[PDB]
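Q: Mind having a look at this structure? Questions to follow.
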Amino acid sequence: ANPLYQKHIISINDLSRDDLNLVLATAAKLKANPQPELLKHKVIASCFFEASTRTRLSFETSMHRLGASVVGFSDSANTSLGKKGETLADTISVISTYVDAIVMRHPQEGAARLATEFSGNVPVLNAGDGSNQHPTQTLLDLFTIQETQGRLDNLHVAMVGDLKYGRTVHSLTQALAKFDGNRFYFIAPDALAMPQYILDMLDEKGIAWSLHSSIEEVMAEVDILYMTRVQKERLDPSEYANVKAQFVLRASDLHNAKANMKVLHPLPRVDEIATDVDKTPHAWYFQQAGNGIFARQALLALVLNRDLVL
Amino acid sequence: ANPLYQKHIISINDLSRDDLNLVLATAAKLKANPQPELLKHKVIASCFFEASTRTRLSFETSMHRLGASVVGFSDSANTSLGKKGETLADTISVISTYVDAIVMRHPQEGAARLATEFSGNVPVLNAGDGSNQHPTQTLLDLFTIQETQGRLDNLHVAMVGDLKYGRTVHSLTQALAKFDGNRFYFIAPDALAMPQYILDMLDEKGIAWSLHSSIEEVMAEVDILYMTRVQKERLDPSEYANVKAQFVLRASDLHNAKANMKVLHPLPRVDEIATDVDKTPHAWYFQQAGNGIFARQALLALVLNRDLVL
Amino acid sequence: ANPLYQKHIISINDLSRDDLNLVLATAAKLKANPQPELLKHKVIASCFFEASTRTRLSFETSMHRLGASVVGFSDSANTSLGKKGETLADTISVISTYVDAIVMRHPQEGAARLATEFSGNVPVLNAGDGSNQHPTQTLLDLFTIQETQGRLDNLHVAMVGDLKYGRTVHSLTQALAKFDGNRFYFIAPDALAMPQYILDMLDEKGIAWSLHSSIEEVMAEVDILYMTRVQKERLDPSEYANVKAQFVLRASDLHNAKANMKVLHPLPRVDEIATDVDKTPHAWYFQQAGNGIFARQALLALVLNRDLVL
Amino acid sequence: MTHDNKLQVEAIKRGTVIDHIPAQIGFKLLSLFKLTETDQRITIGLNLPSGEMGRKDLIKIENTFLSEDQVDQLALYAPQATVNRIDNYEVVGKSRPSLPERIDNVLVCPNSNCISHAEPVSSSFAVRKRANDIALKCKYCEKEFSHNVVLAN
Amino acid sequence: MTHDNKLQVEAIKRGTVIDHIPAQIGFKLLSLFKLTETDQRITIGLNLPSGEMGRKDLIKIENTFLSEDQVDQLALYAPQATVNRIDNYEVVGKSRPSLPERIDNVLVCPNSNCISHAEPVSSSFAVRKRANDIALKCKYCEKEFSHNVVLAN
Ligand SMILES: [Zn+2]
Ligand SMILES: [Zn+2]
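Protein chains in written order, with the UniProt record's numbering: chain F, 2 to 311; chain P, 2 to 311; chain E, 2 to 311; chain G, 1 to 153; chain X, 1 to 153.
Right, dumping it as structure tokens:
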């Protein structure tokens, strides 16, 4: 049984460099030599208590490319947890007896963890731990950073935008921090700066990181410009001042950027990246989104397959 | 015909020191040799398109102390400017053929100014020009200041609420600034600061003024502490951060302050002043209210009575 | 100065047999010889924070017939105690500086009591205390009962409506228990029974009282059949079963009733009394309502006029 | 003949002791009428058989004499419990609670609709002793409840 | 085997004996572990004489050998403080707890959006040797909060 057989995927913080590499590994050939029946008699649960286009569609699609079935809900509104006021613990408790795996996104922190304490013997893939972890999205980033940079170590990675509530950066920093010689540039509004625990984890490992009040500061030395959207939905009243994107990237802003550079951004964007940038060779946010199929296909394959796919 | 007969009362900025003193002068007399039959056969209209408790009630009450009838509406919702979609101009043009004077409070800025362009020969009393001026309120404030301070010149006034939408300070500040050597202390959050045009005025008039980040910075030098309410209802979504009173006055905060000081407050309040201040001798924001009867009763007399109410 | 000059009228539980008899005595006189300019230069506040028709209009017509001026609001929704979220205490502290007396109705128990602690030496006439007291409604009742019955003692009074949330029976019962030899018949659903503190008050005074599951029984010997509507708005969800009147009076029901008998009713009705009872001689709820002007004209004249009105 | 009980206590030279306190009432009294802002020796004996052979609670306190009004306010929680005033290990005047004429500032009208539930008002109740019970009546809400249903702090 | 000359808590059945220290914590330390229900004796005495280094208070434990799991629920309110639970008679079998990382079913995550608020969970954090301070991190929310921010039970 492989390192990830039947395992829960809740936090990048609970995974080792080996784990990630393994997924990426799998993603490599799964993207090369498909296996349309790899998960033929499995039925996976797609539980989304939050909004989502990419993470649910690429996720469910993945499941079909592996010949697996899907059952779930994209809106907790018509579920029993919704109209009859049922607890999540109970929800997962019942659902864990129907499917073989549970893929859940929730607006609240720790939802995925909680679920692991009720789904027994049933792998729980966290698709969105409200403002916390987002394991699967980090895999797409890596499989993508590596696809465009050749490596995952010795990189100048800039993460701009909301970094406080940006679940995506929490997992990617912790991820890229498991590799050697990486440098970070956290560009964001003071009121939404990179959480302390992530900064401390970085010092604990001795990783280089600095702050900046603009993009043209690090544009010439960064390999990956990881753009992000401001987490409105999660902001606190006393922070509505930061509602509009404070940083904006225009095709003109890339005049002096490295060649091997790519612009990343999980996709809901709102003027953080002017539409004129899609036309640039540096734009890679849609091509990275596509790798979601491969990264997620691989994670699936890894968790429901004792055997180690080839 | 006295200086304010049949004149409109739309903007302090439109009145002269003499006019103000004239009101204050009249206000005084009217509590010495009252005249319960001054406006005996006059009918005034109280048109409040906006909520109110102090202004509208003291305002009508004064009307009765002067022997005049009252007709109007406290909620624009049951009028035809409401249920039948009729312009505010057509509303005025007709009311102006019924009553002898129009008293209006309106949500939008300049609605008072506008209604004067239609109510031919019928005095328009602006009871609350949406976040802009509030003439009548000021007349209390002055009458109150000069009651407790003895003078309206050479004073250390401090205004502490949201000063950007505080239609009450727009007027009191422009007013006091018609008097010699008044010193101002603007305390408030950056987003809700004292409008430029008021600051620019003060300069070209050579009035001393400074900002401060706390009340206790100027507490020992002020004769008047003008606390004001957050104008939550007029704020923009991108300011829902200043909704909470950032500055609070407490009994403790009060006694390293001058003796002659008084705490004045346009009247609606929400924790900007702990209820424990009421008890102190500096509290005056209620007696400031009652003075509403005299100031207004005064302004009504002047505008509808040709002969200076001797 | 009469017993009731400047006094507050918050509870029937705070007045004596003499206080009561003095109102009725006055009410009589004014009903005979009116005094159009009695409260000539008085200005009264009509504050209604809850729906009302008679109570406010009967009260307001009473002021005009005594030459008083009226100011106030019938809907707390267009006040600063509605749009600008401010306490009642403050609202009362400012009003008390404009008017000569405050007539207030509130949807919350003890709200009138509260106002007394803030209206400086300005009488507070409790229109209607949320489901608690209603002093002015009881006066009509007494003035009406004595009118029809000719006395206030030695009466067989039956009370039929919702007795738990019936502020009208709470007062009237404490008042009738201030007269000798009165016998009560309480009819109503177990859920909305006559409140205990009342029953206990009867036993202390050793007044006779019994419970019955039907009008028909006591019908034979009741002088006053005082029915009430079900206070649907004060009910508790767990009591919505009683939302419909459980006792209905029809003309036929008055077949074996005494002659001096009358049917009373603070009036908003809803099927507890069939419309076919209005033709009957026993009908007296509307006439009972009319005495409203007298009772209340009497209370106003005794609280705002040092001398006894003739 | 002064002090001689064959049980263990911690007399307070010049102080106040409140004995015969029902179980789960001692803590309640020190966790209600706030007898802790005192950098003075207070001794808390809970569930002890010192007075009589039942489970009582003892509150020894140094120089914190609660006026005849703050003691009566205890009659609603431990009507039997006596309260002893002591002068330097040399005790003086004893006493045992008396139902207050009112209990202002400490309880709460259980009335959800009561007005004192939304405005800056000090709670108040006329205290009325009845049959097998005490009746508390708001000065505001005017309704009346059983002391067992009126919660407070 | 105690050695005392001046005013301090007595011997019980399997008595404890050491330098405890609540800085006016004792009372809350009762309304945080429910030490008022057990209708058995209660060793309580706030404000007592100290070894000339910050006042302190004592409270041993009779008829109870507090598990070596709850006793560690004390070391987060005094890293260098005290001992408890001793054997049958008047001799010493002391202990001095350190900084245990596991804190279950006692503290709540301050995170307005931490499931541990709406669901039937049992909070758990991670105690850290942080810069001049000590911070904890919710097992579900993973957010770090200083032990001073988690004073709300
Ligand atoms: Zn109450
Ligand atoms: Zn948490």
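Beta carbons: idealized from backbone N, C-alpha and C, even for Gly.
Looking at the strands, I want to know which residues DSSP matches up with X:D104.
A: Bridge partners of X:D104: X:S124.
Q: Assuming F:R235 contacts F:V271 (C-beta within less than 8 Å), just tell me the rounded distance between them.
A: About 15 Å; that fails the 8 Å criterion.
Q: Helix or strand or just coil, what does DSSP make of residue 324 of chain E?
A: Limits of chain E in this structure are 2 at one end and 311 at the other, which puts residue 324 of chain E out of reach.
Q: For F:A28, name the three-state secondary structure that DSSP assigns.
A: Note: F:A28 maps to helix in three-state DSSP.
Q: At the level of alpha carbons, what is the spacing between E:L40 and E:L16?
A: E:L40 and E:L16: Cα-Cα distance of roughly 23 Å.
Q: Name the two residues that bound the continuous beta strand (DSSP E) containing P:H283.
A: Where P:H283 is concerned, there is no enclosing beta strand (DSSP E), given that its DSSP letter is neither H nor E.
Q: Alpha carbon to alpha carbon, what distance is there between F:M105 and F:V125?
A: Between F:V125 and F:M105, the C-alpha separation is close to 7 Å.
Q: My guess is that X:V108 and X:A135 are in contact by the Cβ rule of under 8 Å, so how many angstroms apart are they, rounded?
A: The pair is not a contact, with the Cβ atoms about 16 Å apart (cut-off 8 Å).
Q: Is the shortest distance between the beta-carbon of P:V264 and the beta-carbons of chain E less than 8 Å?
A: No, because no Cβ of chain E sits closer than 8 Å to the Cβ of P:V264.
Q: Quick one: which residues of the region 101-132 of chain X get their C-beta closer than 7 Å to a C-beta of chain F? List them in chain order.
A: Here the close residues are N111, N113, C114, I115, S116, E119, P120 and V121.
Q: Where P:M195 and P:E61 are concerned, what is the direct C-alpha to C-alpha distance, given to the nearest angstrom?
A: The straight-line gap from Cα to Cα measures roughly 31 Å.
Q: Between the region 135-148 of chain P and the region 193-210 of chain P, do at least 3 Cβ pairs fall closer than 8 Å?
A: Flag = no, the region 135-148 of chain P and the region 193-210 of chain P do not touch.
Q: Is the beta carbon of X:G45 sitting closer than 8 Å to the one on X:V17?
A: The answer is no: Cβ separation not under 8 Å.
Q: According to DSSP, what are the bridge partners of G:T16?
A: According to DSSP, G:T16 bridges with G:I61 and G:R85.
Q: Would you kindly work out how many angstroms separate the C-alpha atoms of E:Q36 and E:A299, rounded to a whole number?
A: Cα to Cα, the separation comes out at about 11 Å.
Q: Are the C-beta atoms of F:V249 and some chain P residue less than 8 Å apart?
A: Taking Cβ atoms only, chain P never reaches closer than 8 Å to F:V249, which makes this a no.
Q: Taking only beta carbons into account, state which residues of the region 53-68 of chain G come closer than 9 Å to chain X, listed in chain order.
A: Result list: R55, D57, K60 and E62.
Q: If distances are taken between C-alpha atoms only, which option among F:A260, F:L226, F:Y241 and F:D237 comes closest to F:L250?
A: Measuring from the Cα of F:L250, the nearest candidate turns out to be F:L226.
Q: Whose Cβ in chain G lies nearer than 8 Å to the Cβ of residue 329 of chain E?
A: With chain E represented from 2 up to 311, any question about residue 329 of chain E goes unanswered, as that position is not in the structure.
Q: Is X:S116 near ligand 2, judged by its Cβ being under 7 Å from some heavy atom?
A: Yes.
Q: Interface residues of chain X around G:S31 at Cβ under 7 Å?
A: Within chain X, the residues near G:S31 are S31.
Q: Just to make sure I have the definition right: I need the residues of chain G whose C-beta is within less than 8 Å of the C-beta of E:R114. Which are they?
A: Those within 8 Å of E:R114 in chain G are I115, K139, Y140 and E142.
Q: Got a sec: is the Cβ-Cβ distance from P:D76 to anything in chain E below 8 Å?
A: Closer than 8 Å to some Cβ of chain E, the Cβ of P:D76 qualifies, so yes.
Q: Any heavy atom of ligand 1 closer than 7 Å to the CB of E:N133?
A: E:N133 Cβ: outside cutoff for every heavy atom of ligand 1.
Q: Measure the Cβ-Cβ separation of P:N127 and P:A113 and say whether it is below 8 Å.
A: Yes.
Q: Determine which residues of the region 48-72 of chain E have a Cβ less than 7 Å from any Cβ of chain P, and write them out in chain order.
A: Result list: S70 and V72.
Q: Output the boundary residues of the alpha helix (DSSP H) element that contains G:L30.
A: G26 to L30 is the span of the alpha helix (DSSP H), which, as asked, contains G:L30.
Q: With H, G and I counted as helix, E and B as strand and the rest as coil, what does DSSP make of G:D133?
A: In the structure shown, G:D133 sits in a strand (DSSP, three-state: E or B).
Q: Should G:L48 be flagged as near chain X, meaning a C-beta pair shorter than 8 Å?
A: By this cut-off, G:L48 is an interface position.
Q: Mind checking if E:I103 is an interface residue toward chain P, Cβ cutoff 8 Å exclusive?
A: For E:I103, the answer is no, since every Cβ of chain P falls outside 8 Å of its Cβ.
Q: Measure the beta-carbon distance from X:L58 to X:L48 and round it to whole angstroms, keeping in mind my assumption that it falls under 8 Å.
A: Yes, X:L58 and X:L48 are in contact; Cβ-Cβ is about 6 Å, under 8 Å.
Q: Please say whether P:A242 and F:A242 have beta carbons closer to each other than 8 Å?
A: A contact, by the Cβ cut-off of 8 Å.
Q: Say whether chain P places a C-beta atom closer than 8 Å to the C-beta of E:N292.
A: Judged by the 8 Å Cβ criterion, E:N292 is not in contact with chain P.
Q: Can you tell me whether DSSP reads E:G151 as helix, strand or coil?
A: In the structure shown, E:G151 sits in coil (DSSP, three-state: anything other than H, G, I, E or B).
Q: If you measure from the beta carbon of G:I44 to each beta carbon in chain X, is any gap under 8 Å?
A: Closer than 8 Å: yes.
Q: What residues in the region 194-217 of chain F have a beta carbon less than 9 Å from any beta carbon of chain X?
A: The region 194-217 of chain F vs chain X, Cβ under 9 Å: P196, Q197, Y198 and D201.
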